[PDB]
Amino acid sequence: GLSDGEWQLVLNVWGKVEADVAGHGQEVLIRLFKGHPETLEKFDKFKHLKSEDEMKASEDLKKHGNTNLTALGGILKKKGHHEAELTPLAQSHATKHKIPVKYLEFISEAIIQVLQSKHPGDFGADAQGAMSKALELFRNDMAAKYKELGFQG
Ligand code: HEM
């Protein structure tokens, strides 16, 4: 449910992410992990990362953050008619990776925090509100696909 206006504010601020996808991605995962330490346990390759410093040095963490936001940008660019891009992600996240809807909320918070921290001037009240609705739409559609597949939404 976003207006055309809100989608344009989302994709305008996503333009900033697109100019450095891996750096934003690495910051999002570090914020996720440092705010909610338990999420780190879903990534078997990152169990030895015992500090923010180790996290910043990890080339695999930065690659995973890049892969994550490149996929999320693909979903945002479809503005809601994103069923095709969303399904495989809910499939893998519900079945292979075992990621609960709650962690999708934590990572939504980390994305907003990263955007606010890196682009304070470009991420004013209207852009923030629209990005919150866009990520809420992503979470709600992920939740609904989880239900369809027989999992908890
Ligand atoms: C904005 C939300 C997210 C996006 C767009 C996203 C995207 C992706 C993509 C594109 C992949 C690789 C392809 C695939 O397996 O589907 C992936 C893998 C993975 N994701 Fe996510 N993800 C998100 C949130 C999460 C969260 C919150 C967690 C757990 C805290 C998580 C855990 C994982 C794991 C464990 C893998 C496999 C990595 C490996 O094999 O080492 N994801 N994710």
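Observations on the model:
Quick grid of which residues meet (1) near the ligand (Cβ under 10 Å from one of its atoms); (2) farther than 18 Å from residue 112 by Cα; (3) β-branched (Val, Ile, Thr):
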{"site": "2", "(1), (2), (3)": "no, no, no"}
{"site": "5", "(1), (2), (3)": "no, yes, no"}
{"site": "9", "(1), (2), (3)": "no, no, no"}
{"site": "14", "(1), (2), (3)": "no, no, no"}
{"site": "18", "(1), (2), (3)": "no, no, no"}
{"site": "29", "(1), (2), (3)": "yes, no, no"}
{"site": "78", "(1), (2), (3)": "no, yes, no"}
{"site": "87", "(1), (2), (3)": "no, yes, yes"}
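- Helices (runs of 4 or more DSSP H) enclosed by segment 1-109 - at least 1 residues per element that are in contact (Cβ under 8 Å) with a residue 24 or more places away in the chain and farther than 26 Å from residue 146 by Cα: 4-18, 21-35, 52-57, 59-77
- Qualifying residue in segment 44-53 (condition: within 28 Å of residue 12 (Cα to Cα) and more than 14 Å from the chain's Cα centre (by Cα)): no
- Selection of segment 119-153 for residues being in contact (Cβ under 8 Å) with a residue 60 or more places away in the chain, within 12 Å of residue 6 (Cα to Cα) and not hydrophobic (A, V, I, L, M, F, W, C) yields 126, 129, 133.
- Sole exception among (1) within 15 Å of the chain's Cα centre (by Cα); (2) hydrophobic (A, V, I, L, M, F, W, C); (3) more than 10 Å from the ligand (Cβ to nearest atom) for residue 104, by number: (3)
- All of (1) touching a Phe, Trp or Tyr at 6+ places or on another chain (Cβ under 8 Å); (2) under 21 Å from residue 131 (Cβ atoms); (3) crowded, with 19+ Cβ neighbours inside 10 Å hold for residue 61 with one exception: (2).
- Checking residue 31 against (1) of a type in the set (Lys, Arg); (2) over 13 Å from the mean Cα position of the chain (by Cα); (3) closer than 29 Å to residue 129 by Cα, the condition it does not meet: (2)
- Any hit, segment 116-126, residues being surrounded by 14 or more Cβ atoms within 10 Å (Cβ to Cβ) and within 14 Å of the ligand (Cβ to nearest atom): no
- Single match in 6, 85, 27 (criterion: under 18 Å from residue 140 (Cβ atoms), buried (at least 18 other Cβ atoms within 10 Å of the Cβ) and of a type in the set (D, E, K, R)): 6
Here Cβ is always computed from backbone atoms with ideal geometry, including for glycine, and neighbour counts include all displayed protein chains. Computed from the coordinates by the stated procedures, all read-outs in this text should not be read as laboratory data.
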